[PDB]
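Scope of the values below: all heavy atoms of this structure, side chains included, with no hydrogens, waters or symmetry mates. A, B, ... follow the sequence lines: proteins, then strands. Residue 1 opens every chain. When a ligand or atom number is given, it counts from 1 through the structure's own listing order.
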Amino acid sequence: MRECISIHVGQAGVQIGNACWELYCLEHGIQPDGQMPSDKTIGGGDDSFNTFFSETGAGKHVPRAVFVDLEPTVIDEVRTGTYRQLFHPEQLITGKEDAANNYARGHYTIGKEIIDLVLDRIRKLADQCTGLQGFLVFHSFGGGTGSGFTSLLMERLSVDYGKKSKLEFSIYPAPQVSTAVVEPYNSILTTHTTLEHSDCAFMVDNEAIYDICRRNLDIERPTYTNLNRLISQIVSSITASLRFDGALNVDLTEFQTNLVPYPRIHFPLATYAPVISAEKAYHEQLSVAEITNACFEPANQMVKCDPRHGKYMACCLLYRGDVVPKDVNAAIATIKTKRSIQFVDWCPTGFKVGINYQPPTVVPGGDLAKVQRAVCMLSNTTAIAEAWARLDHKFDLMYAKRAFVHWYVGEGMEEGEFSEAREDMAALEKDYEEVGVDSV
Amino acid sequence: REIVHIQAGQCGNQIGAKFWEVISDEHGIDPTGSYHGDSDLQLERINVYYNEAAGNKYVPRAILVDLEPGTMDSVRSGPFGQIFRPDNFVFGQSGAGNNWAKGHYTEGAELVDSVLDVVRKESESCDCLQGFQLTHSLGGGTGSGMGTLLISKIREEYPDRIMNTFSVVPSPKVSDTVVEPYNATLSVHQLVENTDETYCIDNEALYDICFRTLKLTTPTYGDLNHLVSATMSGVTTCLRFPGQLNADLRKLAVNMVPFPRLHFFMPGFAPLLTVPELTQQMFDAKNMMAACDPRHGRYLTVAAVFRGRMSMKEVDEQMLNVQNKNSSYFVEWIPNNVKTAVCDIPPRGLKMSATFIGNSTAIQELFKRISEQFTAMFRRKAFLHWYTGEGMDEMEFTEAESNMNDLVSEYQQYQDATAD
Amino acid sequence: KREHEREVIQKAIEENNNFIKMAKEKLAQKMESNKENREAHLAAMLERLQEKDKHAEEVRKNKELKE
Ligand SMILES: Nc1nc2c(ncn2[C@@H]2O[C@H](COP(=O)(O)OP(=O)(O)OP(=O)(O)O)[C@@H](O)[C@H]2O)c(=O)[nH]1
Ligand SMILES: Nc1nc2c(ncn2[C@@H]2O[C@H](COP(=O)(O)OP(=O)(O)OP(=O)(O)O)[C@@H](O)[C@H]2O)c(=O)[nH]1
Ligand SMILES: [Ca+2]
Ligand SMILES: [Mg+2]
Ligand SMILES: [Mg+2]
């Protein structure tokens, strides 16, 4: 059992979803038609990969996933693409008209017309689960659907499935690939309305991914395809513990216990290594020590910020491939004597470690070298609040003039929702400050 | 998805027809409405502007309106004249004689209902109408008076749809018709309240470009319209081809219009070529289609569209370079206010081009120039009997002027505003 | 101790139900308030437009009653 339902909302959520499911198929030996010849239990089972895939009597392995967008063109590519047979048509849901980069349209005007249908489809997936663990929700901060429809959905999910866990993968905006001036508004509105409905949220800063693609993959001008293939490897690392067995595997829930000291402080920093091209990986094997030490290089983080100028509340290392504890412990010992790792005085300083033995996979035509071992660090650091500070400042600059606010007011929103959202973010920045102060 | 196109009056129909010629060529649609192109990118968003009829014929979603019949004959005989739906031609007999009140209150009111019947029939069969684009001039009577009436009536029936205009602003350098500044002021009063987005295509600027830059000693309507059609192709590229940025009229409005009244854009085009050169030229005063110096104001928002095969790295770097070296001209309180799209398909006869759409507080210079010409006549009540004879009061002129002066002050307010 | 055990689990049930309830009522209040605001925005726009149609009638009359 232990089923997890993935929900992909808007363009960013959908396209990241495509990259993740493609990768999961390759990792588990599932073909594009859904067949998995290695699975000898036809039509069911309680294998570790069944947390993410259900099975039909005809041997098809079907993602436990709903894709939702308010216009049809991105989801139409899934319907006509390589993995079209993977998904039942009812899992792929589209409207006719998008949210036009406006939270208010995604949450209210357009989103309201489709929310009951989406919950209906999610319910069909939930009814097939014998021990549903919870939801994984993929979306942008900046789009109208990724912001506004996601908030509406998260609120409705708390109503319909109570405290059942909900995790996010949230794409934080960057100017090199952003498509709207109002993204800071949409990011603050959704963060505010979703904060009480999410147990844990993994922010992915497009600018950090964009820079990693340029600096480490030698990609001159990264596209969404480049960014998403890398994002999917990080997602896969995080979810690998739910999808594979092994004696040193540590479930995501157990990392969560350590990552979330108070409900609002639920935003881990992910750092992934190694991100290396094929031309550089050839005849240069990276060891456990090298990949682990790369987790403390800010340039490998998924969110731009500087952990050397905040405090740690937890550090978790999620390894995959050819990795034994002895080498992990020796790498950690070395790092502690050399680096700026300062914990708050109320948390213990031990790193929590999981190892899944199944090695990393790459997608054909990809940019990443295939490697024997990789690691994703999940740290709870006060430094992640910097990402909130940058976004809050941009919000203030515009909001002091009410720039663009009439677009939201014209869809039925009030100014009071803006300032309520902004004050919740001010209090969040303040929470992150208070947790790093010493105990008296 | 679908856009409904309306062209009104002589100017509107002439620039309208050229728009359809230029985009039908870019999409591989010939004058019979048959597709004979080489690339699936041409057909992927074809339904934005064209209906499909029987026999894989593509028919512009286009309505052709005038109070003067005969503009209908000249369009119908033009190179692409057979492509338009015959029932979408709606023409009166009278003319409007360069009188806005005839277009808006008397002659145009008589004809407006039959135009709406055609609008509704086109709209009814749209899968998901996004809105409307109107091509017209502001200096005559039909495009100006009747065009702004149509806008108001359309808005009543489709209040949640986007209304976009390509509005040709008058200049003494191109028409000597003396009442043009009245007709333009009265129109601007309408546009300020009832459009979401207006491309100010200024006959002053088109003339100055043909004369100074292109070295044409006596520019014709054909030479002015060559600039208008390249601009219109450019500013609708994002609507017509697959792409990320400003892909529909509402998303463009949301990116470009920070306050609802300040929705008058300065278009530009280059060339009139390396990526650094396109980029410098597209931001040059001499390449703007509104006679305004952008260095006399500040940019609220900008869309830059590059077309052709070029390095996206170089485009990003140059866009960043212009913003950095010209930072004082972009308002600091709208972060990241310049957006860039690159489309692989160049326009006809160029390897590379750039189209510029600016929401600049310098547009106030256009309105002030019209305002000056308006007042010079209005202070002596000159030529007013043409308008009072159709039932209008002086008070309506006073209000229109005052509202356009308010628009000017508002553009000035945001220019002077500071972050701190 | 058995009675304390029963109070802990009822307190948990009560807090979960209360969370669901408050989230259900908040959402319903927001969606109502948003509907009314949007409709009031559209109704004001239509009302300005009807005032224009009314004024256009006063213009055609002024012209009729001029002659
Ligand atoms: N990493 C990544 N980011 C994306 C992708 N697509 C869009 N984004 C980012 O997401 C934000 C834009 O929101 P989208 O997801 O496109 O919009 P949407 O959710 O479809 O919302 P509407 O289109 O307004 O209804 C910007 O910050 C984009 O850079 C993607 O495939 N990958
Ligand atoms: N750029 C450009 N301007 C034009 C063209 N035709 C007319 N104009 C301008 O439009 C204004 C005159 O309006 P017209 O469109 O000719 O008048 P109308 O809308 O047909 O109205 P009436 O003739 O009064 O019924 C003047 O400023 C002209 O310079 C054209 O093809 N291109
Ligand atoms: Ca099985
Ligand atoms: Mg979208
Ligand atoms: Mg005429």
Side-chain angles (χ1 to χ4, degrees), chain A residues 8-15 28-30 34-62 67-77 94-103 105-106 110-111 139-140 142-150 171 179-180 183 186 224, chain B residues 7-14 65-72 74-75 91-100 102-103 107-108 136-137 139-147 168 175 177 180 183 221 243-248 250-251 254:
Chain A
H8 302 280
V9 178
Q11 180 175 294
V14 167
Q15 292 181 159
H28 294 297
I30 297 161
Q35 298 288 317
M36 182 175 179
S38 73
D39 178 7
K40 310 310 195 200
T41 51
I42 307 304
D46 59 2
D47 297 306
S48 280
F49 60 82
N50 290 126
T51 61
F52 273 58
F53 292 88
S54 58
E55 297 183 40
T56 68
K60 183 179 285 190
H61 292 60
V62 177
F67 291 67
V68 189
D69 199 0
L70 305 182
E71 58 105 359
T73 55
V74 188
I75 283 175
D76 283 352
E77 298 219 79
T94 51
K96 286 172 173 310
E97 179 175 13
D98 68 26
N101 289 320
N102 183 339
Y103 175 102
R105 284 167 69 80
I110 308 308
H139 66 105
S140 63
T145 299
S147 67
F149 188 76
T150 303
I171 308 305
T179 42
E183 289 189 51
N186 293 335
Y224 289 143
Chain B
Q7 48 191 69
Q10 171 171 344
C11 179
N13 273 285
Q14 271 151 216
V65 181
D66 207 339
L67 286 162
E68 175 63 60
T71 56
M72 86 181 213
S74 71
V75 170
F91 293 90
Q93 290 297 307
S94 60
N98 292 302
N99 182 330
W100 193 91
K102 281 177 185 224
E107 308 299 328
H136 63 153
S137 73
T142 299
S144 201
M146 190 186 183
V168 177
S175 176
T177 308
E180 288 190 34
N183 298 326
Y221 281 127
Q244 273 306 292
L245 172 73
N246 293 331
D248 67 84
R250 194 177 296 281
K251 275 184 176 183
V254 170

Colleague: Between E55(A) and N50(A), is there a side-chain heavy-atom distance shorter than 4.5 Å?
Modeller: yes
Colleague: Determine whether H28(A) and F52(A) make a side-chain contact, defined as any pair of heavy atoms from C-beta on separated by less than 4.5 Å.
Modeller: no
Colleague: Is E55(A) close enough to the Ca ion (ligand 3) to have an N, O or S atom under 3.0 Å?
Modeller: yes
Colleague: What distance do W100(B) atom CH2 and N98(B) atom CG have between them, rounded to the nearest 0.5 Å?
Modeller: 15.0 Å
Colleague: Please confirm whether the backbone N or O of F49(A) pairs with a side-chain atom of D47(A), one donor and one acceptor, at under 3.5 Å?
Modeller: no
Colleague: Backbone or side chain, does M36(A) get an N/O/S atom under 3.0 Å to the Ca ion (ligand 3)?
Modeller: no
Colleague: Please state whether the separation between the Ca ion (ligand 3) and some N/O/S atom of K40(A) is under 3.0 Å?
Modeller: no
